[PDB]
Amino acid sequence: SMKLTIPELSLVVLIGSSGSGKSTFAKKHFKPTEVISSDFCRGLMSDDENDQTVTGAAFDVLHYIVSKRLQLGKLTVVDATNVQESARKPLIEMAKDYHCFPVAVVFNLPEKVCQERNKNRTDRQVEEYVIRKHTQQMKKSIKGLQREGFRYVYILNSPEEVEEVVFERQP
């Protein structure tokens, strides 16, 4: 296995393109209540699946819910693309505010893996350029993650590595 050590007081930030398997991974490794997704928050604002008109509100709600959980000192996983620095920074800042350790888990999968999984999705699908963009943005992000303030940076480079993952929580 590939052991990823995280402290009990963690803000786990999943980073990866659409189709990179973030939500799948999240369900495999964490309790439902520990996972907060952007899709979920969007759904609180609108019953249209992936309503793009409520994006800012959805991310405000996500930030709010995360901050409240961290405030109670509860481990939280942020399930969103998080490929932009502007999306990661408030998570880092929030984590630092409430004495929690930000952890980055990067799905550094080749674009074609994500493009493939996308086309076979039964829930929702995006155009190819969305995934091409996300992947470029993710790849550009990797080098500077530690410096951005992530205490632990775990880069998963292939599906096989993603499969082998096991978290060890240290309380």
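All residue numbers are counted from 1 along the displayed sequence.
Judged by mean Cα B factor in the deposited record, 155-163 ranks above the other of 155-163 and 9-17. For the pair 38-46 and 58-66, the mean Cα B-factor is higher in 38-46. Each of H29, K140, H134, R117 has a CA temperature factor in the record; the biggest one is found at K140. In the deposited entry, the Cα temperature factor of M94 places it in the middle third of its chain's modelled residues. Split the chain's modelled residues into thirds by C-alpha temperature factor. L75 is in the highest one. Ranked within its chain, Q146 lands in the lowest third, by CA B factor from the PDB record.
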